[PDB]
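**Q** This structure is in structure tokens; I'll ask about it shortly.
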Ligand SMILES: [Zn+2]
Ligand SMILES: [Zn+2]
Ligand SMILES: [Zn+2]
Ligand SMILES: [Zn+2]
């Protein structure tokens, strides 16, 4: 029940927090499952980045102190990760799997690209200038990763 | 999925189903929006979505080995259902419009990713006309996302 812009921001930020926490487990499996070590290396590097982004949200919460992470499961992200795992189970460890796994991971990143774009806007509107900057850092990383995924997808 | 063509046809059927579901969802969301600008944005994008359905249909009529498998895109169904849940969790004001724009951007970015993959793959399989039509859709989805960011920023006019 969202009655303020602040309610919306905190709900979305908790949504994304859960998405990040889930991704820490999911990306490890996907790196394992990939045929190319290039794709496995990208999945691992982004696992380290995802831990960094979780820490950024923790920094936002610690600084604002009127903000409290709501414990909720991000259902969308859970679906997207599970769709990646279904790719791994429906394919041999060949170039076909790598194509479909890149595709699933880009769906993951673009979920995040949308989410962090909204979070930046809302934090700017509510006056959380520092939080907006941290969220913008995370946004840019997500966009960078999708771009690298698109490259591995063509290369 | 044993070949790249199979991945292509599976994703194309997924996107087709997604576009079909968006035809219903975008109209309901236009109904629910508080701002007349947001409702007009949703309706115009409904018209564009119908065009994108037509593009995939033309690709299908043109390739003739390609066959849409009747399936449900569960991801898109979840994203639509979350936009509808915003409507039921809010009054008809700028709070609803902020959260509804957010949900619509999540839908759009599912599609941006999907169509980016479909373009990449169609270029590999030799469906040049199809790759060009899919790239037209990709650019539309991207533009819709930018228009939503503008409306998100214009949603609040305090300072
Ligand atoms: Zn992330
Ligand atoms: Zn990410
Ligand atoms: Zn569309
Ligand atoms: Zn669209």
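Heads up, the Cβs are rebuilt from the backbone with ideal geometry, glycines too, and the neighbour counts pull from every protein chain shown. No lab work stands behind these numbers, since they all come straight from the coordinates.
**Q** Could you tell me which of rounded, prolate or oblate describes the stretch A:67-155, using a ≥ b ≥ c as the square roots of the eigenvalues of the alpha-carbon gyration tensor, with rounded for a/c under 1.5 and, failing that, prolate when a/b is larger than b/c and oblate otherwise?
**A** Working: a/c = 4.34, a/b = 1.86, b/c = 2.33.
Oblate, since a/c reaches 1.5 and b/c is not below a/b.
**Q** With the cut-off at 1.5 for a/c, could you classify chain A from its C-alpha gyration tensor as rounded, prolate or oblate? Display every interim value, and only then the final one.
**A** Working: a/c = 2.49, a/b = 2.05, b/c = 1.21.
Prolate.
**Q** Using alpha carbons only, how many degrees (0 to 90, rounded to 10) separate the axis of helix A:5-33 from the longest principal axis of chain A?
**A** Helix A:5-33 and the main axis of chain A meet at about 20 degrees.
**Q** Sticking with this one: Okay, helix-only estimate at 222 nm for the protein assembly as shown: each DSSP H run of n ≥ 4 adds -39500 (n - 2.57), divide by all residues, round to 500 deg cm²/dmol; what do you get?
**A** Details: 10 runs with 262 residues, N = 314.
Dividing the helical sum by the residues of the protein assembly as shown leaves -29500 deg cm²/dmol.
**Q** I need the calculated FRET efficiency for the pair residue B:142 and residue A:140, taking r as the beta carbon distance and R₀ as 25 Å, to the nearest 0.05. Before the final figure, lay out each step's value.
**A** Working: r = 17 Å, r/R0 = 0.69.
After rounding, the FRET efficiency stands at 0.90.
**Q** Plugging the Kirkwood radius over Cα pairs into Stokes-Einstein for the stretch B:47-94, at a temperature of 10 °C and a viscosity of 1.306 mPa s, what D comes out in µm²/s?
**A** Details: Rh = 13.7 Å.
In µm²/s, the coefficient is 116.
**Q** Mind telling me which of A:121, A:145, A:24 comes out most flexible in a GNM of chain A, alpha-carbon contacts under 10 Å?
**A** Highest fluctuation among the options: A:121.
**Q** So, one more: Run the quick spin-label model on residue B:3 and residue A:1: label points 7 Å from Cα toward the beta carbon, then report their separation in nm to one decimal.
**A** Result for the modelled spin labels: 5.7 nm.
**Q** Name the shape class, rounded, prolate or oblate, that the alpha-carbon gyration tensor gives for the protein assembly as shown, where a ≥ b ≥ c are the square roots of its eigenvalues, rounded holds for a/c under 1.5, and otherwise prolate holds if a/b is larger than b/c and oblate otherwise. Intermediate results must be reported in sequence, preceding the final value.
**A** On the way: a/c = 2.10, a/b = 1.25, b/c = 1.67.
Because a/c hits 1.5 or more and a/b fails to exceed b/c, the protein assembly as shown counts as oblate.
**Q** Please report how far the C-alpha centroid of the stretch B:62-98 lies from that of the stretch A:12-39, rounded to the nearest whole angstrom.
**A** So the two Cα centres are separated by 23 Å.
**Q** Which FRET efficiency value, to the nearest 0.05, do you get for residue A:78 and residue B:54 by plugging their Cβ-Cβ distance into 1/(1 + (r/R0)^6) with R0 = 30 Å? Each step should come with its number before you reach the end.
**A** Working: r = 33 Å, r/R0 = 1.10.
The value I calculate is 0.35.
**Q** Each label point is 7 Å from the Cα along the Cα-to-Cβ direction; what then is the distance between the points at residue B:128 and residue B:65, in nm?
**A** 1.7
**Q** Summarise the partner chain shielding of A:98-104 as one whole number: the mean count of Cβ atoms from other chains within 10 Å of each residue's Cβ.
**A** On the way: counts 0, 10, 9, 0, 2, 11, 3.
Across A:98-104, the average partner-chain Cβ count within 10 Å equals 5.
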